[PDB]
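Shown below: work_34.tsv, with TSV, C-alpha atoms.
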```
chain	number	residue	atom	x	y	z
J	1	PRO	CA	3.75	-21.73	14.31
J	2	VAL	CA	4.72	-19.13	11.67
J	3	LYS	CA	8.24	-17.69	11.19
J	4	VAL	CA	9.29	-14.04	10.60
J	5	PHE	CA	12.83	-13.60	9.19
J	6	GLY	CA	14.53	-10.26	9.91
J	7	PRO	CA	15.82	-7.90	12.59
J	8	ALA	CA	13.41	-7.49	15.58
J	9	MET	CA	13.99	-3.68	15.84
J	10	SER	CA	13.43	-2.87	12.10
J	11	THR	CA	10.20	-0.93	11.46
J	12	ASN	CA	9.06	-3.43	8.77
J	13	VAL	CA	9.58	-6.49	11.09
J	14	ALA	CA	7.91	-4.71	14.07
J	15	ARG	CA	4.84	-3.98	11.88
J	16	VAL	CA	4.46	-7.78	11.23
J	17	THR	CA	5.24	-8.88	14.87
J	18	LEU	CA	2.71	-6.28	16.14
J	19	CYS	CA	0.01	-7.79	13.88
J	20	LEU	CA	0.94	-11.38	15.06
J	21	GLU	CA	0.65	-10.26	18.72
J	22	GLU	CA	-2.70	-8.37	18.26
J	23	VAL	CA	-4.24	-11.60	16.77
J	24	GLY	CA	-2.51	-13.90	19.33
J	25	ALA	CA	-0.76	-16.10	16.69
J	26	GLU	CA	2.07	-18.44	17.69
J	27	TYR	CA	5.23	-17.24	15.88
J	28	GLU	CA	9.04	-17.23	16.00
J	29	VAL	CA	11.37	-14.37	14.87
J	30	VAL	CA	14.55	-15.64	13.14
J	31	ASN	CA	17.65	-13.48	12.48
J	32	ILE	CA	18.91	-14.06	8.94
J	33	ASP	CA	22.18	-12.84	7.41
J	34	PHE	CA	22.43	-12.42	3.59
J	35	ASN	CA	25.65	-14.67	3.90
J	36	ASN	CA	11.71	-14.53	-2.30
J	37	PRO	CA	13.00	-13.41	-5.75
J	38	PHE	CA	14.11	-9.79	-4.84
J	39	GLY	CA	15.69	-11.26	-1.58
J	40	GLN	CA	13.77	-8.88	0.77
J	41	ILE	CA	13.47	-8.80	4.60
J	42	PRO	CA	11.15	-9.39	6.38
J	43	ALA	CA	10.33	-12.80	4.83
J	44	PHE	CA	7.53	-14.92	6.35
J	45	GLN	CA	6.92	-18.73	6.33
J	46	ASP	CA	3.53	-20.38	7.05
J	47	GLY	CA	3.91	-24.10	6.16
J	48	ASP	CA	4.80	-24.23	2.43
J	49	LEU	CA	3.84	-20.54	2.00
J	50	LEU	CA	6.72	-17.99	1.73
J	51	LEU	CA	5.71	-14.28	1.68
J	52	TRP	CA	7.61	-10.93	1.57
J	53	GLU	CA	6.47	-7.24	1.62
J	54	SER	CA	5.77	-6.20	5.21
J	55	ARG	CA	2.27	-4.85	4.41
J	56	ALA	CA	1.25	-8.02	2.45
J	57	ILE	CA	2.60	-10.24	5.30
J	58	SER	CA	0.68	-8.08	7.87
J	59	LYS	CA	-2.67	-8.31	5.99
J	60	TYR	CA	-2.25	-12.11	5.59
J	61	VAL	CA	-1.74	-12.32	9.40
J	62	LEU	CA	-4.76	-10.07	10.13
J	63	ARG	CA	-7.04	-12.10	7.77
J	64	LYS	CA	-5.81	-15.60	8.70
J	65	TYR	CA	-6.32	-15.00	12.46
J	66	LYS	CA	-9.37	-12.66	12.17
J	67	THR	CA	-12.12	-13.10	14.85
J	68	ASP	CA	-15.27	-11.13	15.84
J	69	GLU	CA	-13.17	-9.54	18.70
J	70	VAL	CA	-10.04	-8.84	16.55
J	71	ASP	CA	-11.14	-7.62	13.09
J	72	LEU	CA	-8.41	-5.10	12.25
J	73	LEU	CA	-9.10	-4.71	8.46
J	74	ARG	CA	-12.98	-4.54	8.70
J	75	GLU	CA	-13.24	-6.12	5.18
J	76	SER	CA	-16.92	-7.06	5.92
J	77	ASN	CA	-17.86	-3.34	6.09
J	78	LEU	CA	-17.14	-1.43	2.79
J	79	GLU	CA	-16.80	2.12	4.30
J	80	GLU	CA	-14.85	1.03	7.45
J	81	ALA	CA	-12.43	-0.98	5.23
J	82	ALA	CA	-12.08	2.21	3.01
J	83	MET	CA	-11.17	4.39	6.06
J	84	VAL	CA	-8.65	1.71	7.21
J	85	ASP	CA	-7.13	1.76	3.65
J	86	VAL	CA	-7.13	5.61	3.46
J	87	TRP	CA	-5.22	6.08	6.79
J	88	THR	CA	-2.85	3.15	5.99
J	89	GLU	CA	-1.91	5.06	2.81
J	90	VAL	CA	-1.62	8.36	4.76
J	91	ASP	CA	0.88	6.55	7.08
J	92	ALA	CA	2.96	5.28	4.06
J	93	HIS	CA	2.81	8.48	1.89
J	94	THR	CA	2.61	11.42	4.37
J	95	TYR	CA	3.27	10.52	8.05
J	96	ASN	CA	6.20	8.02	7.96
J	97	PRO	CA	8.09	10.29	5.49
J	98	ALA	CA	7.56	13.37	7.73
J	99	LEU	CA	9.00	11.40	10.78
J	100	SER	CA	11.81	9.50	9.01
J	101	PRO	CA	14.52	12.22	8.61
J	102	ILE	CA	13.91	13.54	12.16
J	103	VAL	CA	14.52	9.96	13.43
J	104	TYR	CA	17.59	9.45	11.16
J	105	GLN	CA	19.19	12.93	11.89
J	106	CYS	CA	18.53	12.56	15.67
J	107	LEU	CA	19.66	8.96	16.30
J	108	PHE	CA	22.49	9.01	13.56
J	109	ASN	CA	23.21	11.56	10.70
J	110	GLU	CA	12.83	21.94	8.31
J	111	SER	CA	11.03	18.53	8.46
J	112	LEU	CA	9.51	19.80	11.82
J	113	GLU	CA	7.34	22.44	10.01
J	114	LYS	CA	6.02	19.71	7.60
J	115	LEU	CA	5.36	17.29	10.52
J	116	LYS	CA	3.41	20.05	12.41
J	117	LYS	CA	1.14	20.55	9.33
J	118	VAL	CA	0.55	16.77	9.28
J	119	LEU	CA	-0.14	16.68	13.10
J	120	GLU	CA	-2.74	19.51	12.61
J	121	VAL	CA	-4.66	17.15	10.31
J	122	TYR	CA	-4.26	14.16	12.67
J	123	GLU	CA	-5.45	16.36	15.62
J	124	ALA	CA	-8.70	17.29	13.69
J	125	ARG	CA	-9.27	13.65	12.70
J	126	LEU	CA	-8.65	12.24	16.25
J	127	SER	CA	-10.96	15.00	17.69
J	128	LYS	CA	-13.93	13.41	15.76
J	129	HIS	CA	-12.98	9.70	16.16
J	130	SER	CA	-11.25	7.49	18.77
J	131	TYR	CA	-8.90	6.07	16.11
J	132	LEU	CA	-7.87	6.99	12.57
J	133	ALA	CA	-10.45	4.85	10.65
J	134	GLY	CA	-13.39	5.52	13.06
J	135	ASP	CA	-14.41	4.49	16.58
J	136	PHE	CA	-12.37	1.18	16.46
J	137	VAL	CA	-8.62	0.36	16.43
J	138	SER	CA	-7.44	-0.94	13.01
J	139	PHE	CA	-4.41	-1.74	10.91
J	140	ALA	CA	-4.33	2.03	10.15
J	141	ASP	CA	-3.40	2.81	13.83
J	142	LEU	CA	-0.98	-0.16	14.17
J	143	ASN	CA	0.90	0.97	11.01
J	144	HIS	CA	1.76	4.25	12.88
J	145	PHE	CA	3.46	2.39	15.79
J	146	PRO	CA	7.01	1.49	14.57
J	147	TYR	CA	8.17	4.91	13.26
J	148	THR	CA	6.41	6.90	16.02
J	149	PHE	CA	8.14	4.62	18.58
J	150	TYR	CA	11.57	5.76	17.30
J	151	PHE	CA	10.41	9.41	16.93
J	152	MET	CA	9.56	9.19	20.72
J	153	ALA	CA	13.27	8.34	21.44
J	154	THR	CA	14.34	11.72	19.92
J	155	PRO	CA	14.45	15.15	21.59
J	156	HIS	CA	11.35	16.09	19.45
J	157	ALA	CA	9.05	13.58	21.32
J	158	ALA	CA	7.33	16.46	23.28
J	159	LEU	CA	6.06	17.91	19.91
J	160	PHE	CA	2.98	15.65	20.38
J	161	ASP	CA	2.04	17.68	23.55
J	162	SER	CA	0.91	20.53	21.13
J	163	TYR	CA	-1.65	18.04	19.61
J	164	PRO	CA	-3.58	16.76	22.68
J	165	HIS	CA	-5.87	14.34	20.71
J	166	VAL	CA	-2.82	12.89	18.89
J	167	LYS	CA	-0.97	12.56	22.22
J	168	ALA	CA	-4.01	10.75	23.77
J	169	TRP	CA	-4.32	8.42	20.73
J	170	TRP	CA	-0.56	7.65	20.90
J	171	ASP	CA	-0.77	6.91	24.64
J	172	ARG	CA	-3.76	4.65	24.00
J	173	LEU	CA	-1.82	2.59	21.39
J	174	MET	CA	1.20	2.49	23.79
J	175	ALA	CA	-1.09	0.98	26.50
J	176	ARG	CA	-2.17	-1.96	24.27
J	177	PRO	CA	-0.58	-5.23	25.61
J	178	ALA	CA	0.58	-6.23	22.06
J	179	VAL	CA	2.25	-2.80	21.51
J	180	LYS	CA	4.05	-2.98	24.88
J	181	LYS	CA	5.26	-6.51	24.03
J	182	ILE	CA	6.63	-5.37	20.57
J	183	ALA	CA	8.13	-2.12	22.03
J	184	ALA	CA	10.27	-4.36	24.36
J	185	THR	CA	11.52	-6.46	21.37
J	186	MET	CA	12.70	-3.37	19.41
J	187	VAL	CA	16.33	-3.55	20.63
J	188	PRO	CA	19.62	-4.49	18.98
J	189	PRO	CA	20.59	-8.22	19.30
J	190	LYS	CA	22.45	-9.14	22.60
M	1	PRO	CA	-22.94	7.49	-10.42
M	2	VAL	CA	-19.60	8.09	-8.65
M	3	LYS	CA	-17.23	11.02	-9.37
M	4	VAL	CA	-13.41	10.98	-9.76
M	5	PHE	CA	-11.73	14.41	-9.42
M	6	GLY	CA	-8.36	14.84	-11.16
M	7	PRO	CA	-6.51	14.80	-14.48
M	8	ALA	CA	-7.51	11.87	-16.78
M	9	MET	CA	-3.88	11.18	-17.89
M	10	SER	CA	-2.31	11.12	-14.35
M	11	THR	CA	-1.17	7.63	-13.29
M	12	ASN	CA	-3.10	7.85	-9.97
M	13	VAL	CA	-6.42	8.83	-11.73
M	14	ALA	CA	-5.95	6.17	-14.47
M	15	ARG	CA	-5.49	3.50	-11.75
M	16	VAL	CA	-8.97	4.44	-10.32
M	17	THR	CA	-10.72	4.81	-13.76
M	18	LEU	CA	-9.27	1.41	-14.81
M	19	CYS	CA	-10.79	-0.21	-11.69
M	20	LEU	CA	-14.20	1.54	-12.37
M	21	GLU	CA	-14.16	0.23	-15.98
M	22	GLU	CA	-13.15	-3.39	-15.05
M	23	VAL	CA	-16.18	-3.55	-12.63
M	24	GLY	CA	-18.53	-1.71	-15.06
M	25	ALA	CA	-19.46	1.10	-12.60
M	26	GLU	CA	-21.17	4.27	-13.82
M	27	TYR	CA	-18.77	7.19	-13.13
M	28	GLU	CA	-17.82	10.71	-14.22
M	29	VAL	CA	-14.27	12.22	-14.28
M	30	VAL	CA	-14.20	15.91	-13.21
M	31	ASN	CA	-11.22	18.26	-13.79
M	32	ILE	CA	-10.54	20.28	-10.63
M	33	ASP	CA	-8.17	23.24	-10.25
M	34	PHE	CA	-6.74	24.06	-6.77
M	35	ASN	CA	-8.09	27.70	-7.46
M	36	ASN	CA	-9.96	15.83	1.94
M	37	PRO	CA	-7.70	17.34	4.68
M	38	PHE	CA	-4.28	17.08	2.85
M	39	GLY	CA	-6.07	18.40	-0.37
M	40	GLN	CA	-4.94	15.43	-2.56
M	41	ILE	CA	-5.93	14.40	-6.13
M	42	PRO	CA	-7.52	12.09	-7.11
M	43	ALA	CA	-10.51	12.66	-4.79
M	44	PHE	CA	-13.60	10.42	-5.12
M	45	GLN	CA	-17.30	11.03	-4.23
M	46	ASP	CA	-19.90	8.24	-3.74
M	47	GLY	CA	-23.04	9.91	-2.29
M	48	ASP	CA	-21.98	11.48	1.05
M	49	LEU	CA	-18.68	9.53	1.01
M	50	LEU	CA	-15.49	11.49	0.05
M	51	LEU	CA	-12.28	9.40	-0.35
M	52	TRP	CA	-8.63	10.17	-1.36
M	53	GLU	CA	-5.50	7.96	-1.82
M	54	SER	CA	-5.63	6.30	-5.24
M	55	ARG	CA	-5.07	2.78	-3.84
M	56	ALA	CA	-7.79	3.17	-1.12
M	57	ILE	CA	-10.23	4.58	-3.76
M	58	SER	CA	-9.36	1.63	-6.11
M	59	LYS	CA	-9.96	-1.06	-3.43
M	60	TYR	CA	-13.29	0.58	-2.44
M	61	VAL	CA	-14.32	0.40	-6.14
M	62	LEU	CA	-13.19	-3.25	-6.50
M	63	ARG	CA	-15.07	-4.30	-3.29
M	64	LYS	CA	-18.25	-2.25	-3.83
M	65	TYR	CA	-18.78	-3.62	-7.38
M	66	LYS	CA	-17.31	-7.14	-6.77
M	67	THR	CA	-19.10	-10.07	-8.53
M	68	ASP	CA	-18.32	-13.80	-9.03
M	69	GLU	CA	-17.03	-12.87	-12.58
M	70	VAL	CA	-15.04	-9.77	-11.47
M	71	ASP	CA	-13.30	-10.51	-8.13
M	72	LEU	CA	-10.03	-8.58	-8.51
M	73	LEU	CA	-8.88	-8.63	-4.82
M	74	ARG	CA	-9.78	-12.34	-4.09
M	75	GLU	CA	-10.43	-11.44	-0.39
M	76	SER	CA	-12.44	-14.72	0.03
M	77	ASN	CA	-9.25	-16.77	-0.60
M	78	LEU	CA	-6.45	-16.07	1.98
M	79	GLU	CA	-3.43	-17.13	-0.20
M	80	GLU	CA	-4.75	-15.58	-3.48
M	81	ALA	CA	-5.44	-12.28	-1.61
M	82	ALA	CA	-1.81	-12.52	-0.20
M	83	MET	CA	-0.32	-12.92	-3.74
M	84	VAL	CA	-2.46	-9.96	-4.96
M	85	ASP	CA	-1.12	-7.88	-1.98
M	86	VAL	CA	2.52	-9.03	-2.52
M	87	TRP	CA	2.60	-8.03	-6.25
M	88	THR	CA	0.68	-4.76	-5.55
M	89	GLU	CA	3.51	-3.87	-3.13
M	90	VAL	CA	6.17	-4.99	-5.68
M	91	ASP	CA	4.53	-2.53	-8.18
M	92	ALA	CA	4.65	0.37	-5.60
M	93	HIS	CA	8.15	-0.35	-4.11
M	94	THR	CA	10.21	-1.92	-6.96
M	95	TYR	CA	8.60	-1.72	-10.45
M	96	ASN	CA	7.04	1.80	-10.64
M	97	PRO	CA	10.27	3.34	-9.21
M	98	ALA	CA	12.44	1.47	-11.79
M	99	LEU	CA	10.19	2.84	-14.67
M	100	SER	CA	9.59	6.38	-13.35
M	101	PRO	CA	12.92	8.14	-14.17
M	102	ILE	CA	13.10	6.49	-17.64
M	103	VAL	CA	9.59	7.93	-18.32
M	104	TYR	CA	10.48	11.38	-16.85
M	105	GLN	CA	13.95	11.66	-18.61
M	106	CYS	CA	12.48	10.45	-21.95
M	107	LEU	CA	9.25	12.49	-22.16
M	108	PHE	CA	10.72	15.63	-20.28
M	109	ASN	CA	14.01	16.06	-18.24
M	110	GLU	CA	21.63	3.63	-15.29
M	111	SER	CA	17.95	2.97	-14.33
M	112	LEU	CA	17.89	0.53	-17.37
M	113	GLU	CA	20.26	-1.97	-15.60
M	114	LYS	CA	17.99	-1.90	-12.46
M	115	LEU	CA	14.82	-2.33	-14.61
M	116	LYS	CA	16.41	-5.34	-16.42
M	117	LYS	CA	17.08	-7.03	-13.02
M	118	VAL	CA	13.41	-6.41	-12.11
M	119	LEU	CA	12.18	-7.75	-15.54
M	120	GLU	CA	14.28	-10.95	-14.95
M	121	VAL	CA	12.17	-11.58	-11.83
M	122	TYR	CA	8.88	-10.73	-13.61
M	123	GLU	CA	9.88	-13.07	-16.52
M	124	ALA	CA	10.40	-16.02	-14.04
M	125	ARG	CA	7.11	-15.25	-12.27
M	126	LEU	CA	5.06	-14.91	-15.52
M	127	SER	CA	6.67	-18.18	-16.82
M	128	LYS	CA	4.92	-20.10	-13.94
M	129	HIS	CA	1.60	-18.15	-13.85
M	130	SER	CA	-0.68	-16.34	-16.35
M	131	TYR	CA	-0.73	-13.21	-14.16
M	132	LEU	CA	1.30	-11.87	-11.24
M	133	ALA	CA	-0.87	-13.25	-8.36
M	134	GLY	CA	-1.61	-16.65	-10.02
M	135	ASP	CA	-3.74	-17.95	-12.90
M	136	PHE	CA	-6.27	-15.01	-12.68
M	137	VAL	CA	-6.07	-11.25	-13.46
M	138	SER	CA	-6.10	-9.11	-10.27
M	139	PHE	CA	-5.54	-5.64	-8.89
M	140	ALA	CA	-1.81	-6.58	-8.90
M	141	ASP	CA	-1.78	-6.65	-12.78
M	142	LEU	CA	-4.01	-3.55	-13.16
M	143	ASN	CA	-1.67	-1.54	-10.85
M	144	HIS	CA	1.13	-2.10	-13.47
M	145	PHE	CA	-0.91	-0.50	-16.31
M	146	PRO	CA	-0.52	3.33	-15.89
M	147	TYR	CA	3.30	3.60	-15.59
M	148	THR	CA	4.00	0.83	-18.13
M	149	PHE	CA	1.67	2.65	-20.57
M	150	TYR	CA	3.93	5.75	-20.44
M	151	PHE	CA	7.13	3.60	-20.49
M	152	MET	CA	5.75	2.16	-23.82
M	153	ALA	CA	5.73	5.75	-25.29
M	154	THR	CA	9.53	5.99	-24.75
M	155	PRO	CA	12.33	4.73	-27.02
M	156	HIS	CA	12.96	1.95	-24.38
M	157	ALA	CA	9.56	0.23	-25.09
M	158	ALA	CA	11.30	-2.63	-27.06
M	159	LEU	CA	13.18	-3.63	-23.81
M	160	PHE	CA	10.16	-5.89	-23.04
M	161	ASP	CA	11.01	-8.00	-26.19
M	162	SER	CA	14.00	-9.48	-24.15
M	163	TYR	CA	11.40	-10.80	-21.59
M	164	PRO	CA	8.94	-12.79	-23.76
M	165	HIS	CA	6.60	-13.80	-20.85
M	166	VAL	CA	6.48	-10.17	-19.63
M	167	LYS	CA	5.80	-8.97	-23.20
M	168	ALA	CA	2.94	-11.54	-23.55
M	169	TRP	CA	1.46	-10.54	-20.15
M	170	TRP	CA	1.66	-6.83	-21.12
M	171	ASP	CA	-0.03	-7.51	-24.48
M	172	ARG	CA	-2.74	-9.47	-22.68
M	173	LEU	CA	-3.50	-6.54	-20.32
M	174	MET	CA	-3.43	-4.14	-23.33
M	175	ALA	CA	-6.11	-6.33	-25.04
M	176	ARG	CA	-8.57	-6.00	-22.10
M	177	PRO	CA	-11.55	-3.76	-23.15
M	178	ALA	CA	-11.28	-1.70	-19.89
M	179	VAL	CA	-7.51	-1.11	-20.44
M	180	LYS	CA	-8.07	-0.01	-24.07
M	181	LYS	CA	-10.84	2.37	-22.90
M	182	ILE	CA	-8.54	3.95	-20.18
M	183	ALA	CA	-5.50	4.07	-22.57
M	184	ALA	CA	-7.63	6.32	-24.89
M	185	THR	CA	-8.51	8.70	-21.98
M	186	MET	CA	-4.83	9.22	-21.01
M	187	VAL	CA	-4.37	12.42	-23.05
M	188	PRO	CA	-3.98	16.09	-22.15
M	189	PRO	CA	-7.29	18.08	-21.99
M	190	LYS	CA	-8.51	19.48	-25.42
```

Represent the supplied structure as structure tokens.
Amino acid sequence: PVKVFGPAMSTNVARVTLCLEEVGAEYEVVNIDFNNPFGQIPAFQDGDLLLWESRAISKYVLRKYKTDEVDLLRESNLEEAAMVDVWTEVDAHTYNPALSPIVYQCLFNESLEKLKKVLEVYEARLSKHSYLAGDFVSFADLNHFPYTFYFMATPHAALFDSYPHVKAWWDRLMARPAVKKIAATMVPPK
Amino acid sequence: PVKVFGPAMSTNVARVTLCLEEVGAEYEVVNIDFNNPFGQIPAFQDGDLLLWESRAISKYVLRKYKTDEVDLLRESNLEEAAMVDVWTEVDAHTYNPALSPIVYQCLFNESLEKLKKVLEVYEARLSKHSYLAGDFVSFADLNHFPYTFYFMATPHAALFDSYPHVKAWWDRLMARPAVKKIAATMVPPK
């Protein structure tokens, strides 16, 4: 059984726990307090192996537990793997940064016009394909879950109704058993 | 022959051209002017395939042209691939951002104390291993080339002399024939 160290509700921990659930790995989430050379969270233990960097942890999980039924990187198919990589990068560089300040300014404390231009592109893409990388769910889709989840707790949630293919894609991810399981974990400690 | 569209000297184009040279692919670099749905540069054509996102382009290049002698992702070995991923992410999230404002404030126009703390970590890592992911060159090392190249044009270049293992690792990358070739291309158009 592998161990994830960090807060359950953080977007970087939820990205790893979502990957562990999609592949059906046995794992434990452990809270750690600061009181792994850059001392980052999440950290990840598998036997003597210690990893950090949410995306590197996630890919290790998706490769280690890969099957014919759950192949979420598609590394056996050059062009599928490329489309998974492209939309993973779009999530990191374009999408998550368009969401982030709406989430932060709405749940604590102009970005709407930039997000709409991004959703136009997603709407075109999800009109031609079931999921971002093609006609199969992949890491690219799962990477969109944690930030969109919090965006859907804001008063801007309904913005997705103007992008019917994006709304349908979002609802489809939200129906996945692994996504429902990780949604329920994304709460402050009790 | 594949085509890379963008400025030769940009860090994101040089990352792709360095990968194409390390695998010995036939390619052409094409300048494009704005006068690929988010219209990003570099863009990449391989037959009917059009890609964007420097890192996704790079990985497609490293997989398409992979051999026994030039395996720069190590996707066949779970833990090696994980260490390549970890240090690729360290480059994106920690290293390149520590260099960037030193490069920008020195060649145009506090970050030194943060860079030193990062170089301490790199020095420890490169004391135990030849290269960042283990005893083999990988994408993780190549990702460090473009920004470090520009950092070495600043008056802070000599900072690496305080980190002898980092200096030796840097000199070793600079001696690679592919790196020398791409260093020479990183000039303004003539």

Taking only residues of chain J that have an atom at most 8 Å from an atom of chain M, what is each one's shortest atom pair and its distance in Å to one decimal, using all atoms listed in the file, in chain and number order, as a tab-separated table?
```
residue	atom	partner	partner_atom	distance
J:37	CA	M:121	CA	6.4
J:38	CA	M:121	CA	7.5
J:51	CA	M:86	CA	7.4
J:52	CA	M:86	CA	6.8
J:53	CA	M:86	CA	6.0
J:55	CA	M:89	CA	7.7
J:56	CA	M:85	CA	5.0
J:57	CA	M:82	CA	7.4
J:59	CA	M:82	CA	7.5
J:60	CA	M:82	CA	5.8
J:63	CA	M:78	CA	7.0
J:64	CA	M:78	CA	6.8
J:78	CA	M:64	CA	6.8
J:79	CA	M:60	CA	7.8
J:81	CA	M:60	CA	7.9
J:82	CA	M:60	CA	5.8
J:85	CA	M:56	CA	5.0
J:86	CA	M:56	CA	5.2
J:89	CA	M:53	CA	6.5
J:90	CA	M:53	CA	7.6
J:121	CA	M:37	CA	6.4
```

Segment 12-27 of chain M surroundings by all atoms listed in the file, 7 Å radius, close-in-sequence under 5 positions cut, as a VMD selection string
chain M and resid 1 to 3 6 to 7 42 54 57 to 58 61 to 62 65 to 66 70 143 146 178 to 179 182

Atom-to-atom span, atom CA of residue 48 of chain M and atom CA of residue 31 of chain M, Å:
19.5 Å

Need the shell around segment 106-111 of chain M: protein/DNA/RNA residues with any atom at most 12 Å away, counting all atoms listed in the file. Skip same-chain ones fewer than 4 positions apart. Format as a PyMOL selection string?
chain M and resi 94-102+115-118+150-157

Considering only C-alpha atoms, state which residue in the set M:172, M:91, M:128, M:112 is at the smallest distance from residue 144 of chain M.
M:91

Can you sort out segment 116-130 of chain J so it carries N, CA, C and O atoms, written as an mmCIF file, in the coordinates of the input?
```cif
data_model
loop_
_atom_site.group_PDB
_atom_site.id
_atom_site.type_symbol
_atom_site.label_atom_id
_atom_site.label_comp_id
_atom_site.auth_asym_id
_atom_site.auth_seq_id
_atom_site.Cartn_x
_atom_site.Cartn_y
_atom_site.Cartn_z
ATOM 1 N N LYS J 116 4.477 19.284 11.708
ATOM 2 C CA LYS J 116 3.410 20.050 12.410
ATOM 3 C C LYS J 116 2.159 20.165 11.527
ATOM 4 O O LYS J 116 1.022 19.975 12.039
ATOM 5 N N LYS J 117 2.309 20.435 10.231
ATOM 6 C CA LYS J 117 1.140 20.550 9.330
ATOM 7 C C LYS J 117 0.429 19.210 9.244
ATOM 8 O O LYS J 117 -0.836 19.195 9.234
ATOM 9 N N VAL J 118 1.178 18.110 9.300
ATOM 10 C CA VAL J 118 0.550 16.770 9.280
ATOM 11 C C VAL J 118 -0.182 16.545 10.624
ATOM 12 O O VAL J 118 -1.298 16.032 10.580
ATOM 13 N N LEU J 119 0.459 16.862 11.760
ATOM 14 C CA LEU J 119 -0.140 16.680 13.100
ATOM 15 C C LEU J 119 -1.415 17.532 13.250
ATOM 16 O O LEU J 119 -2.367 17.063 13.913
ATOM 17 N N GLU J 120 -1.501 18.686 12.601
ATOM 18 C CA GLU J 120 -2.740 19.510 12.610
ATOM 19 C C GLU J 120 -3.896 18.681 12.070
ATOM 20 O O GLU J 120 -4.991 18.672 12.660
ATOM 21 N N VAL J 121 -3.633 17.977 10.997
ATOM 22 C CA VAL J 121 -4.660 17.150 10.310
ATOM 23 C C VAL J 121 -5.014 15.969 11.209
ATOM 24 O O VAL J 121 -6.220 15.626 11.329
ATOM 25 N N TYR J 122 -4.012 15.330 11.807
ATOM 26 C CA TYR J 122 -4.260 14.160 12.670
ATOM 27 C C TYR J 122 -5.090 14.615 13.882
ATOM 28 O O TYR J 122 -5.967 13.832 14.334
ATOM 29 N N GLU J 123 -4.798 15.805 14.409
ATOM 30 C CA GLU J 123 -5.450 16.360 15.620
ATOM 31 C C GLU J 123 -6.946 16.540 15.321
ATOM 32 O O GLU J 123 -7.764 16.182 16.174
ATOM 33 N N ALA J 124 -7.303 17.059 14.143
ATOM 34 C CA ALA J 124 -8.700 17.290 13.690
ATOM 35 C C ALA J 124 -9.365 15.925 13.577
ATOM 36 O O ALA J 124 -10.463 15.731 14.082
ATOM 37 N N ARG J 125 -8.691 14.987 12.927
ATOM 38 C CA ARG J 125 -9.270 13.650 12.700
ATOM 39 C C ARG J 125 -9.527 12.965 14.061
ATOM 40 O O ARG J 125 -10.647 12.438 14.259
ATOM 41 N N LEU J 126 -8.545 12.969 14.959
ATOM 42 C CA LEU J 126 -8.650 12.240 16.250
ATOM 43 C C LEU J 126 -9.501 13.020 17.248
ATOM 44 O O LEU J 126 -9.805 12.448 18.269
ATOM 45 N N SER J 127 -9.930 14.244 16.924
ATOM 46 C CA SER J 127 -10.960 15.000 17.690
ATOM 47 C C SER J 127 -12.343 14.411 17.420
ATOM 48 O O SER J 127 -13.216 14.556 18.256
ATOM 49 N N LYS J 128 -12.581 13.861 16.232
ATOM 50 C CA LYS J 128 -13.930 13.410 15.760
ATOM 51 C C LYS J 128 -14.080 11.903 15.968
ATOM 52 O O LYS J 128 -15.188 11.411 15.966
ATOM 53 N N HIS J 129 -12.987 11.172 16.073
ATOM 54 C CA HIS J 129 -12.980 9.700 16.160
ATOM 55 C C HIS J 129 -11.912 9.258 17.130
ATOM 56 O O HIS J 129 -10.835 9.868 17.151
ATOM 57 N N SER J 130 -12.176 8.154 17.816
ATOM 58 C CA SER J 130 -11.250 7.490 18.770
ATOM 59 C C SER J 130 -9.940 7.142 18.067
ATOM 60 O O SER J 130 -8.852 7.210 18.683
#
```
